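Notes for the one structure printed next.
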Amino acid sequence: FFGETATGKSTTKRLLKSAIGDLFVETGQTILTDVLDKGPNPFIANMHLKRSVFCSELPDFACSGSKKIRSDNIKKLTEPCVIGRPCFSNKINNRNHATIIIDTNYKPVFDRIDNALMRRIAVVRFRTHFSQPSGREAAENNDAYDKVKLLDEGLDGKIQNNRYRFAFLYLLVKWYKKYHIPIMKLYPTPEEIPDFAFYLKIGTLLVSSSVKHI
Amino acid sequence: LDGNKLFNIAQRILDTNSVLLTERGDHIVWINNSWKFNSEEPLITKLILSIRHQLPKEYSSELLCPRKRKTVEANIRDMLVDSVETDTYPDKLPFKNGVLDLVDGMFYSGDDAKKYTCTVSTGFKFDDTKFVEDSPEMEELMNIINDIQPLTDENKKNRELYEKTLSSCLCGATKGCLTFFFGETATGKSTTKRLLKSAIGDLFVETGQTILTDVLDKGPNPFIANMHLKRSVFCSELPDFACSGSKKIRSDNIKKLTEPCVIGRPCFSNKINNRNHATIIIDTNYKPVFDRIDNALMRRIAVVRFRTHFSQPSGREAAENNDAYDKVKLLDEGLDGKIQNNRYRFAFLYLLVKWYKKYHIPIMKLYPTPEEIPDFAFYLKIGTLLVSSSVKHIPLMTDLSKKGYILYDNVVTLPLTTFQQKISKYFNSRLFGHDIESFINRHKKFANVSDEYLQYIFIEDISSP
Amino acid sequence: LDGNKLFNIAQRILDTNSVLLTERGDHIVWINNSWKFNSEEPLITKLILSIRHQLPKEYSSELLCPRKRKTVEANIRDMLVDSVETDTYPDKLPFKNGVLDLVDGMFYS
Amino acid sequence: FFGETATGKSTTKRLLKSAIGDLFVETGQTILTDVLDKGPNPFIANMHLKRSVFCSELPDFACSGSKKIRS
DNA sequence: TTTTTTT
Ligand SMILES: Nc1ncnc2c1ncn2[C@@H]1O[C@H](COP(=O)(O)OP(=O)(O)OP(=O)(O)O)[C@@H](O)[C@H]1O
Ligand SMILES: Nc1ncnc2c1ncn2[C@@H]1O[C@H](COP(=O)(O)OP(=O)(O)OP(=O)(O)O)[C@@H](O)[C@H]1O
Ligand SMILES: [Mg+2]
Ligand SMILES: [Mg+2]
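Listed in order, the protein sequences are those of chains A, B, C and D.
The first sequence: position 63 = 563 (the authors' numbering), numbered continuously.
The second sequence: position 334 = 654 (the authors' numbering), numbered continuously.
The third sequence: position 74 = 394 (the authors' numbering), numbered continuously.
The fourth sequence: position 47 = 547 (the authors' numbering), numbered continuously.
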């Protein structure tokens, strides 16, 4: 979930949480930046049999000393069984049923880039701003916003009371019927992240040597 | 003469040989035509309740009360004072309701399967109806296998090695080397892994990479503990070592994994010894590297190459240009669903049985292939081409001085200038200059202030001119 | 010649397929149209107390005392020897009091 | 035991192991260069009441960076 | 370059 400040990603997360109850779970950034199988890792353990996992507030990697995202973690986070150990336990097999969503303000940075990682990334953008009456004019001069609206202060509390729970559940069911009825599958979108585009364009400009060129 | 009734009941239970004590201190029971052991479950009480029927009619009423069952369990645990050995037959396959003999193909059940003390099982019942050679599912499986590994004159050796490695997982002996599944994206390694897991049931296991990077004797380690008495161990997604921060695979762990017994302890249990009966498969798209190189290390490494790409219809043209692929086919989007529902379990079992009956019946052994690792290639090239000196070179001493090997201090002394000129004209400098410098600085010696030497005579110089 | 009353009660409880054993080693019970499991709570005793009503009236009085419930739980634990697999349907949404079928939208309780 | 390869060292080791049964034990060269007071050391408990401790396949001291076997 | 975890 990539976008600027005050674009509604958090509201979407809260709506989904209120809709799907405790099947939703939020987990820190350790799972993307360290070894999962060393020592007790309750963050991995709590991911067992969950249906949606959220990781939020990705730091900017331009800052010095900030560790980058590891490719092996992403590869390990897509197979049906993820190896992890709870505290005071020895079971090391967890069933992976969860859709993993990350809320970030900056583009991700990976240490190593290859096709295998390239086929496991999708990005959706938010380009609307919910501002205050005072800051209405300032937002008009930003290219990161395609629309500007007025903030609603009392909306958040209404979400806390589960006012839009069953309506959102019905909408989700309708969307699931619309899309995933034949078969469920997710399609990568590598043409968004910049370095991926560099890899694509460098790949398409060369052809491997063969006997036909002799 | 009629003493304690519970003692007599326990004696009768012990007389049928259904409870046994292992060497390391485990109790194994015989329930539902299978040997089971579980330290967190009251298996002895379950066995007592189950075999209550076989006892005379005057004992079931006593056995119905749980306290009497506890007393009988205590008596039984007290009587037995001897250990036994288990899993002494490497050519048997244990199932949930019997044991299959891989030699004759006959399937045993009941007491016949009891004589072989197999403490692990595939976890599912063996069905003879589906264990047939002619079936549409078998044809589909054969087509898929041919698609993944085409049978050609170029791929015949690779396919033979692949078949041997896959069939090795059935036997319960100790394997001398592990196998690397190397390939590109969407090549079929995961499909093979899932098919093997579905075929062999509970005998399959997957663990983390910590076994190849960290020590094993420090503290409890359930990852090693779960490996005990397993038939196949799988690990995946080895990180690229080109980037900084990657940790090399320690050869000490590789040496320790090739031993019949392995150290490691679970939580809240003082069980430190485990039997190594498993074939280790590491699948990755990056060739591994190691800190140290020696003959004993590359004598236990094998590599299998996957070179068939299953791509999207839109990506067929792009994949065709890439040289890493030899065949580009379509992308079946329903294969994973069928595999997960065990649509090819018994067909794969039959195919593996045939492969075992074609390769491993005379003798089980695995042969390493150290000619594919880039790190081992340079060291092997030294070993084949560059040889050291010995006392047998005394008759050649005159020619040795002619080329430069002076017998200072009763040892050959070839100047490093001549030696580096030789290696530069033979060993290409640009490819492995750093490795050549490491060779020079490793076994460096000086005869005197201006006679720096290495006691290695290149093979055209060992030949008498 | 009927034997232990508690054993008969435990057999009757087991015959309803309300408690099952999972391959991970935890027992799952069926209370209030839901499957529950917890490694730190005695769910078996809760099941025994809750489903006491449907049993014949000569057994509820026995089921009142906690010691009898503990003995019945011991019998039930002794009788369970098999394992089953859970969560094999990827298109059902489970709630606190039923399961919703995503294919049709029908709700089963 | 210093000598050429395939000179019978492995044969003698196997003969000694078969002669003394479980009294034989094999340990790596790490303890020869590592600190024995740090961390758990089940190896130190291993050669207790033993009769033969074998350290074989020693690293090449010629290799740069190899840890010297502390006296 | 150990601490917590584990008994
Ligand atoms: N449709 C809407 N109309 C009015 N106000 C809205 C609307 N959607 C969201 N808001 C409000 O606008 C504010 C900004 O939303 P929010 O904080 O979720 O944005 P964000 O970009 O996800 O933020 P961050 O990434 O910093 O968490 C919130 O107070 C939210 O309640
Ligand atoms: N014979 C076949 N025909 C068509 N599709 C196939 C065939 N065999 C396998 N596939 C499909 O190929 C897809 C990719 O295979 P798989 O995931 O095993 O590749 P991989 O190279 O091991 O992947 P990665 O290394 O990225 O994990 C699977 O979804 C599977 O359905
Ligand atoms: Mg927000
Ligand atoms: Mg794969």
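For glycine and all other residues, C-beta sits at the position ideal for the given N, C-alpha and C.
Separation of D/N546 from A/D560, as counted between CA atoms | Each residue's alpha carbon lies about 51 angstroms from the other.
Where does C/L341 sit, in a helix, a strand or coil, going by DSSP?
-> strand
Proximal residues to C/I329 (C-beta, below 8 angstroms), its chain only, five neighbours per side dropped | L375, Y379, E382, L383 and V392
Taking 9 angstroms as the CB-CB cut-off, is C/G425 touching chain A?
-> Yes, because at least one Cβ of chain A sits closer than 9 angstroms to the Cβ of C/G425.
CB contact flag (B/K477, B/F444, <9 angstroms) = no
Per-residue burial, B/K722 [other beta carbons within 10 Å of its own, 16 or more giving buried] = exposed
Is the beta carbon of B/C555 less than 9 angstroms from the beta carbon of B/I531?
-> yes
Is the CB-CB distance between A/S631 and A/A639 below 9 angstroms?
-> Their beta carbons are under 9 angstroms apart, which means A/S631 touches A/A639 by this criterion.
A/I601 - containing beta strand (DSSP E), residue span | Here the beta strand (DSSP E) through A/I601 covers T599 to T604.
Where D/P540 falls: helix, strand or coil (DSSP) | coil
Residue closest to B/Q660, alpha-carbon to alpha-carbon, out of C/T408, C/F427, C/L413 and C/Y428 | C/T408
Does A/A616 get closer than 9 angstroms to chain B when you measure Cβ to Cβ?
-> Yes, A/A616 counts as interfacial toward chain B.
Anticipated Cβ contact below 8 angstroms, B/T704 with A/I592, distance rounded | Not really, about 43 angstroms apart at Cβ, beyond 8 angstroms.
Indicate whether A/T599 and A/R551 have their beta-carbon atoms separated by less than 9 angstroms.
-> yes
Comparing the C-beta of B/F543 with each C-beta of chain A, is any distance below 9 angstroms?
-> Output row for B/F543: interface = yes.
Interface residues of chain D around B/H763 at Cβ under 9 angstroms?
-> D560, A562 and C563
Answer yes or no: the CB of B/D646 versus the heavy atoms of ligand 2, is any distance below 8 angstroms?
-> Incorrect: B/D646 has no Cβ contact closer than 8 angstroms to ligand 2.
Would you call the CB atoms of B/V624 and B/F524 closer than 9 angstroms?
-> no
Alpha carbon to alpha carbon, how far is C/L420 from C/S354? Give it in angstroms, no decimals.
-> If I take the Cα positions, the gap works out to 13 angstroms.
Backbone secondary structure at B/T733 - three-state DSSP | strand
So with Cβ pairs under 9 angstroms, would you call B/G430 a contact of chain D?
-> no
Of all the residues that make up the region 671-689 of chain A, which are near chain C by a beta-carbon distance shorter than 7 angstroms?
-> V673 and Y676
For A/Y687, the three-state DSSP class (helix, strand or coil) | coil
Using a Cβ-Cβ cut-off of 9 angstroms, state whether C/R387 counts as contacting chain A.
-> no
Kindly indicate if chain B contains any beta-carbon less than 9 angstroms away from that of D/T512.
-> no
According to DSSP, residues forming a beta bridge with B/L363 | Paired residues: none, contrary to the question.
Sufficient close CB pairs (3 or more, under 8 angstroms) joining the region 351-369 of chain B to the region 764-784 of chain B | no
Go through the residues and name those whose CB comes closer than 6 angstroms to any heavy atom of ligand 4, in chain order.
-> B/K509 and B/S510
Taking only the alpha-carbon atoms, compute the straight-line gap between B/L363 and B/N605 and give it to the nearest angstrom.
-> 45 angstroms
Along the alpha helix (DSSP H) that carries residue 469 of chain A, what are the first and last residues, could you check?
-> Since the first residue of chain A shown is 501 and the last is 714, residue 469 of chain A is not available in this structure.
Own chain, CB closer than 7 angstroms to A/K509, minus 5 neighbours either side, in chain order | Here the set comprises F501, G503, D603 and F626.
Taking only heavy atoms of ligand 2 into account, decide whether any of them is closer than 8 angstroms to the Cβ of B/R627.
-> no
Roughly how many angstroms lie between the CA atoms of B/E692 and D/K567, to the nearest whole one?
-> Rounded to whole angstroms, the separation of the alpha carbons of D/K567 and B/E692 is 30 angstroms.
In chain A, which residues lie with their C-beta within 7 angstroms of the C-beta of B/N546?
-> Ordered by position in chain A, the residues that pass the 7 angstroms Cβ test against B/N546 are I592.
Which of the three DSSP states, helix, strand or coil, is assigned to B/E557?
-> coil
Distance cut-off 8 angstroms: B/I464 Cβ against heavy atoms of ligand 2 | B/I464 has its CB nearer than 8 angstroms to a heavy atom of ligand 2.
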